[PDB]
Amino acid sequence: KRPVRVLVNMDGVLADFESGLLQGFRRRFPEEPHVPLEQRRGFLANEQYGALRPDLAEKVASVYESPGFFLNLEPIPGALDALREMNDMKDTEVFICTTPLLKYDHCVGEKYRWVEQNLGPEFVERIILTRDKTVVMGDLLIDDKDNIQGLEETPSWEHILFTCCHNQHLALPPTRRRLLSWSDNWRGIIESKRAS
């Protein structure tokens, strides 16, 4: 009876943060070692760059902390079509659920404008900003972060791992479901939740 509610993450799922960070890094520090997308491992890019050479952590962070960085991210392939499709499904409710940087200054505002410009004013109404996704109530959370924790020990949602460069090689127990891309069958996953 109930509609199925789907929480959809922003960076790594709708907005291509990883491609935008690499392109920004190579343009600004053309002389420096970089991490090709295929070689990304672990959720935080600055930690990987820092393991390469300590000062590069600060350098890569200066890219995502710049004015215009979040504003100008390109969409993830197929994301805008899929989210429009999903939003029009009957008895289906969509929210966009995103964690801003602690350096919020050029992040929070740019994220609202990104959604307005790439999706539309109607989607702006459905943004939730939070540093703890476990306190948001939904049936599914589609998110590229490997392991999501916070104050609620047993969240109401099932986490569906959205495949991204940094989690592609990650081994998951059979109980954890993945979405390989927006061409994978996210429609069937929604139906599995309705059925329970």
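Residue numbers here begin at 1 and follow the sequence given.
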Segment of higher mean CA temperature factor, 164-172 or 62-70: 164-172
Mean temperature factor over C-alpha atoms, higher-scoring stretch between 135-143 and 40-48: 40-48
Candidate residues 88, 125, 116, 110, the one whose C-alpha B factor the record puts highest: 88
B-factor third for the C-alpha atom of residue 189 within its chain: lowest
Residue 4 by Cα B-factor - lowest, middle or highest third of the modelled chain: middle
Ranked C-alpha temperature factor of residue 56 among modelled chain residues, by third: highest
CA B-factor ranking of residue 130, expressed as a third of its chain: lowest
Cα B factor band for residue 19 (lowest, middle or highest third within the chain): middle
